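Chains as they are written, first to last, in the authors' numbering: chain A, 33 to 569; chain I, 278 to 325; chain B, 33 to 569. See structure below.
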Amino acid sequence: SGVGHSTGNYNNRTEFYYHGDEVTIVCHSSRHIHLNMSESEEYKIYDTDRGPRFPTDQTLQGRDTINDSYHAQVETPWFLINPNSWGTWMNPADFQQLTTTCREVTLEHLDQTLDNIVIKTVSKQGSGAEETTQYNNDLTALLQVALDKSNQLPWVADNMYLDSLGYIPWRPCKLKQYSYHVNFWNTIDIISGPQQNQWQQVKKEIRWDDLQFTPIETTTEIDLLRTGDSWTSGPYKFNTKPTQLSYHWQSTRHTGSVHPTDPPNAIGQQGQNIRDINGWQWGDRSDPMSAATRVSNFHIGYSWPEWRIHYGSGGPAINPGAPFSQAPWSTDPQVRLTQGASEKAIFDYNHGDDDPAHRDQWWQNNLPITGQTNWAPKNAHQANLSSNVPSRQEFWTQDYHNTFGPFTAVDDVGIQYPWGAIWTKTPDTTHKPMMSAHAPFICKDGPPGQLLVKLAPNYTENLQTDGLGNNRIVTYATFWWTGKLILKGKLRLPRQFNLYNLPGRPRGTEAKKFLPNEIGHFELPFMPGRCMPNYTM
Amino acid sequence: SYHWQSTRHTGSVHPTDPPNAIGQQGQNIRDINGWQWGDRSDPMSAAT
Amino acid sequence: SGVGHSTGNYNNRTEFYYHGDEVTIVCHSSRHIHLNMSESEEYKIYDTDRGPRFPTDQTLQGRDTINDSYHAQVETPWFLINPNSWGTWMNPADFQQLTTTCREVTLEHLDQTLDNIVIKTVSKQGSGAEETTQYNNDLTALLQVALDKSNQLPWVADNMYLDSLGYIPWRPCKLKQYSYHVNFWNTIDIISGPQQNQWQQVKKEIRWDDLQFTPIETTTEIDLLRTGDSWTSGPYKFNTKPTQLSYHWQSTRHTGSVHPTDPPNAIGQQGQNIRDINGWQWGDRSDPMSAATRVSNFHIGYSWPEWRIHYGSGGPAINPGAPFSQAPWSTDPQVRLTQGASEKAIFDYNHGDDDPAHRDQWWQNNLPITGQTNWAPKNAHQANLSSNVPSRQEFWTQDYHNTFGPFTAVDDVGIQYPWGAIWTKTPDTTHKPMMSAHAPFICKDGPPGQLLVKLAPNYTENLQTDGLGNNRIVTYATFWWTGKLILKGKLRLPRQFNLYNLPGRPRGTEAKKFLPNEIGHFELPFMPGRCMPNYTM
């Protein structure tokens, strides 16, 4: 160990281990991280402009207020390394092998290191027309590393805004600066004014008297690393429940016993429903025995006031509703039906876009998941269910009610390969949430890590001189991050006679994408992660 | 203890470049690569 | 260990340990110190100008002479590191947790280190219009460290002038140069001249024939440190008596048995003092039995010729008197009554001022402490205490006497959080002082430390060439100081039925101060350190 010895090797690959029903996935990952001298060396607390596209006038009468970026934050001078994403860990072929051969999968445990620290200082030379730059490495400079295993810091580490290590192994990764929210009141009234067509800002402010500011320095112990030094996090063990890798097509009309039918005679005929049968029903039902009114033990899916905007303290937010496909109600392709709690992923060059300085999009609409599909407008309710058919009164078509209840069974989205976050923080409240709208894994104990790195400052000869001067020496670092997280799957075996339709690239896509270009530009394919049909019950 | 965070206070923070002096406001970045809900591209916003 | 290995980690946080009545506070602290090449490499002995605002004329007839900065010193080329202050060790929230949960606290022991030495040499380049500077680190340069555990050096390490490590953890700290007084005679006569309205300098000189000059080199052993080297002080154990964390509101009128009173009948009425009672008194007292003349065993507080100016050898000084609040005599707010032995703390950006190049102020007036309050002018004495009331003669209103005596009980100021010094040197004299005017802890044995660092000189090719040249190479260093001192407290439990009024920010202050700004500027709050009422007896 010393200046001239490399501290750790590069390993990025995954290998699978099959024994019996168990399959162990050990996915290594390694990244080359480029770190810049922190912008300012101090903690800052400030709020922001309202945002882009927020209305200045009432012409659209408050509907634009759904575009609100206003927030108040504290930005630390620390940079966040998180490996929370699928595709940081696995390339497309190895996620395919996972998704075909595994029925469900868990997180086993995580381990990660930092090493091969290199710190350089740029030195300008010349008159500025020549402007010769020189890159000298400072052997005694420090890089300082904070990891909170106690989760004392605000968590704020997930892919929303996609701050994560790059997906393809051979490109350099660039960190984003750590920051978290402080309490503020953004409340907006969209009912304001006569006729209730006006929107108004009720109270928009940063609340100071109740506020909590936690620096990295007082919270956790910080390791200081020279060039020959390395850092290891130690083991982190998950405890979470598995996620299903198969999608459910059954609604409550597909689930139960089948309506009595006599078979068709020849290839042209249709099945024929038996008129008089002895089964259970709901209301007074006798003459009209029908599979719609068959009593069932459970119901699959629930209605929601789809795209509910919350308008809580802190701003307008959105309350997801259940994921499902609009494909049954899809009809014409031109129009795009978002109502299935669909999600859209913007992404950049390092995150799997082919073109630099442009951002490709995806928008998963969850087409495979059906039978959970409930579009709120389509539903109805009646006063009475009887052998008689109600009148125009007693029948209500467009309520938009929340029908979630004790009888409902639903599915989470599952893992969304390239851009989806792996895990999440469990909010500590009475009645923890039942399931997550995005991240497939909930951490019952604290989530892993939240690793923070800052480049210690290099000050010039004179300190706090100010006077239109710069305080410290321009510096940057490059170091190598390596980690492995282990997965436990359960072997998938054929449950059907006919051929399955196996995982692969999305339907509209060709294979010339997803492969390197003449320049080396390529896109990573979306993989559903809930990839195959399975009987719900 | 009481919880002050809504779902707008909870998660990752919208990308912002800092203010320069004591009078200025933070400035929200126009073009960012994050997740959204419906088809959202041009209007990347912390609400959605 | 070597050039490319960091010698020690950054830890700045405190953690508390509660077992039974004992509470152990272990407060770590770590600082990044910026060290400049010493101004001159030699010891200098000189005296100074009289000072700013000292009178050149007798217009104010000697009253300005209270402004006297004149002194004679010897400045060593050494820089002093002292962690003697509250707020070097603790942030506001952790001093609050100390102050609420602890009844009293002691110093247990101190330990401190230096490591991650970085020494650079600045090299100018170009014609001076371009003036390109280059920062090269000299791997073989030395930083030399002296610590006297024997206290052979003049102590001179306390916060008066606030030479101490910065309070907030993430800013760099800059050392002040070590120096100490040599004997001189400043004596000033304010009684001079006919009518005794003239001030005159009796004898102002540096006394050479009796003088003592102690260098650092001959006094103590000096450690020399390259980059890969580190330094540890070893353990230092305090022996001192505890300090109360609660304030006493009782005077001698609040202390004893209560004057017999029959209760009031309804919500409007006042208590009624019994006319004829059998108690003790002082002089001949019979008909006028009164709580004022009740004999008591002790007396609380003492009078003093408040703001006594000493005018000893070496200059006019000031002899403190006892700390107390002027709030009972406060009346109108506009006027500011200083007479309670109040103290004022100037402070700078690194010491908790928000604005750079400006110095915020505080002035603790000790408002909570009452019942010790004695304003000298207000008092009086009589010839006889009898049932009769004396005449205009025999009664003397404005004496200003010192009433300290064998019967008096008093309080020290206590700990003053941001700017107050933790400990102090015990002057070695017959009859050591009873209690300290500022620092809460007296060191019965020697005080800790007094750590001194100098940056060893880097000489150019030719030595002692002089001739309008510079002797040595421009150099500076940055290194990391870490230390922990442990405290032993005693658990505080409720002694009352009603709610206490718990520690927090000062009354006039809001919470937008004390929190980082958009630039990151914030102020640390004053905390009283004697925070809650308690029965004196």
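Note that the Cβ used here is the ideal one computed from N, Cα and C, for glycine as well.
Spatial distance of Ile-220(B) from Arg-95(B) (CA atoms): A direct Cα-to-Cα measurement between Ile-220(B) and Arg-95(B) gives close to 12 angstroms.
Checking the sheet assignment: what are the DSSP bridge partners for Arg-340(B)? Per DSSP, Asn-351(B).
Contacting residues, own chain, Cβ-Cβ under 7 angstroms from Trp-336(A) (five flanking each side not counted): Correct list, in chain order: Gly-353, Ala-354, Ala-408, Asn-434.
Please tell me whether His-37(B) has its Cβ less than 9 angstroms away from any Cβ of chain A. Any Cβ of chain A closer than 9 angstroms to the Cβ of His-37(B) would place that residue at the interface, and such an atom is present.
Find the nearest neighbour of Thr-507(B) within the set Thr-287(A), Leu-130(A), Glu-493(A), judged by alpha-carbon distance. Minimum Cα distance to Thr-507(B) is reached at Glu-493(A).
Below 9 angstroms between beta carbons is the criterion; list the residues of the region 48 to 72 of chain A that meet it against any residue of chain B, in chain order. For chain B, the residues of the region 48 to 72 of chain A that bring a beta carbon within less than 9 angstroms of one of its beta carbons are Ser-72, in chain order.
Please go through the same chain and pick out, in chain order, the residues whose beta-carbon is closer than 6 angstroms to the beta-carbon of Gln-230(A), but skip the five residues on each side of it. The answer, listed in chain order, is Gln-90, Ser-224.
Secondary structure, beta strand (DSSP E): runs of 3+ residues fully inside the region 70 to 149 of chain A: DSSP runs (the beta strand (DSSP E)) wholly in the region 70 to 149 of chain A: 76 to 79, 104 to 113.
Do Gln-157(B) and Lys-516(B) have their beta-carbon atoms positioned less than 9 angstroms apart in this structure? Taking 9 angstroms as the cut-off, the beta carbon of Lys-516(B) is found no closer than this to the beta carbon of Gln-157(B).
Among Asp-195(B), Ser-283(B), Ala-161(B), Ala-173(B), which residue has its Cα nearest to the Cα of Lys-152(B)? Check the Cα spacing between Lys-152(B) and each of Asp-195(B), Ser-283(B), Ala-161(B), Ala-173(B): the tightest is with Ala-173(B).
Counting only Cβ-Cβ distances shorter than 9 angstroms, please list the residues of the region 543 to 563 of chain B near chain I, keeping chain order. For chain I, the residues of the region 543 to 563 of chain B that bring a beta carbon within less than 9 angstroms of one of its beta carbons are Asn-549, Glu-550, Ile-551, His-553, in chain order.
CB of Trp-217(B) within 9 angstroms of CB of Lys-206(B), strictly: No, Cβ-Cβ distance for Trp-217(B) and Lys-206(B) is not below 9 angstroms.
So that I know if they touch, is there some Cβ in chain B lying closer than 9 angstroms to that of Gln-282(I)? For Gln-282(I), not one C-beta of chain B is nearer than 9 angstroms to its own C-beta.
Roughly how many angstroms lie between the CA atoms of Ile-149(B) and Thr-259(B), to the nearest whole one? Roughly 5 angstroms between the two C-alpha positions.
Output yes if chain B places a C-beta closer than 9 angstroms to the C-beta of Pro-295(I); else output no. Interface residue, yes.
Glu-426(B) CB to nearest chain A CB: under 9 angstroms? No, because no Cβ of chain A sits closer than 9 angstroms to the Cβ of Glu-426(B).
Give the secondary structure of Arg-63(A) by DSSP, where H, G and I count as helix, E and B as strand, and everything else as coil. Three-state result, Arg-63(A): strand.
Three-state secondary structure (DSSP) at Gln-482(B)? Residue state, collapsed to three classes: coil.
Just to confirm the assignment: which complete alpha helix (DSSP H) runs, minimum length 4, are found wholly within the region 201 to 251 of chain B? Qualifying alpha helix (DSSP H) stretches, in chain order: 248 to 251.
Can you confirm whether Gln-304(I), when its beta carbon is compared against all beta carbons of chain B, has any partner nearer than 9 angstroms? No, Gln-304(I) lies away from the interface with chain B (no Cβ there is under 9 angstroms from its Cβ).
Does the beta-carbon of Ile-299(I) have 16 or more other beta-carbons within 10 angstroms, so that it is buried, or is it exposed? Counting the other CB atoms within 10 Å of its CB gives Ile-299(I) a total below 16, which places it among the exposed residues.
Under 8 angstroms from the C-beta of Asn-502(B): neighbouring residues of chain A: Those do not exist, as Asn-502(B) stays about 14 angstroms from chain A at its closest Cβ, beyond 8 angstroms.
Endpoints, alpha helix (DSSP H) assigned at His-433(A): Boundaries cannot be given for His-433(A), as no alpha helix (DSSP H) includes it and DSSP labels it neither H nor E.
With C-beta atoms as the reference, is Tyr-449(B) less than 9 angstroms away from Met-122(B)? In this structure, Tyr-449(B) lies near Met-122(B), with their beta-carbon atoms less than 9 angstroms apart.
I'd like to know if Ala-298(I) contacts chain B, where contact means its C-beta is closer than 9 angstroms to some C-beta of that chain. In terms of beta-carbon proximity, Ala-298(I) lines the interface with chain B, with at least one pair separated by less than 9 angstroms.
Residues that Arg-504(B) bridges to, as DSSP identifies them: When DSSP reads this structure, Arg-504(B) sits in a beta bridge with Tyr-491(B).
Distance CB(residue 573(B))-CB(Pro-109(B)) smaller than 9 angstroms: Residue 573(B) cannot be examined here, being either before or after the span of chain B that is shown, 33 to 569.
To the nearest angstrom, report how far apart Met-321(B) and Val-327(B) are at their CA atoms. Near 11 angstroms, if we compare the C-alpha coordinates of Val-327(B) and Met-321(B).
The region 285 to 304 of chain B contacting the region 175 to 186 of chain B, beta-carbon criterion three pairs below 8 angstroms: With the rule of 3 Cβ pairs closer than 8 angstroms, the region 285 to 304 of chain B does not count as touching the region 175 to 186 of chain B.
Cβ neighbour criterion (16 or more within 10 Å) applied to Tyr-491(A): Buried: at least 16 other Cβ atoms inside 10 Å.
Pull up the distance between the alpha-carbon of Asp-126(B) and that of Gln-244(A), whole angstroms please. Across the structure, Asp-126(B) and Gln-244(A) are spaced so that their CA atoms are roughly 14 angstroms apart.
What first and last residue would you give for the beta strand (DSSP E) that runs through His-280(A)? Taken as a continuous stretch (DSSP letters only), the beta strand (DSSP E) holding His-280(A) covers 278 to 280.
Is the separation between the beta-carbon of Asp-81(A) and that of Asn-305(I) shorter than 9 angstroms? A contact, by the Cβ cut-off of 9 angstroms.
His-413(B) - partner residues in DSSP beta bridges: DSSP, once it has assigned bridges, lists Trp-428(B) as partnering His-413(B).
If contact means a Cβ-Cβ distance below 9 angstroms, which residues of the region 344 to 356 of chain A contact chain I? Within the region 344 to 356 of chain A, those residues whose Cβ lies closer than 9 angstroms to any Cβ of chain I are, in chain order, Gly-344, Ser-345, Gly-346, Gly-347, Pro-348, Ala-349, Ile-350, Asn-351, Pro-352.
Just curious, the alpha helix (DSSP H) that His-390(B) is in, first and last residue? Taken as a continuous stretch (DSSP letters only), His-390(B) belongs to no alpha helix (DSSP H), as it is neither H nor E.
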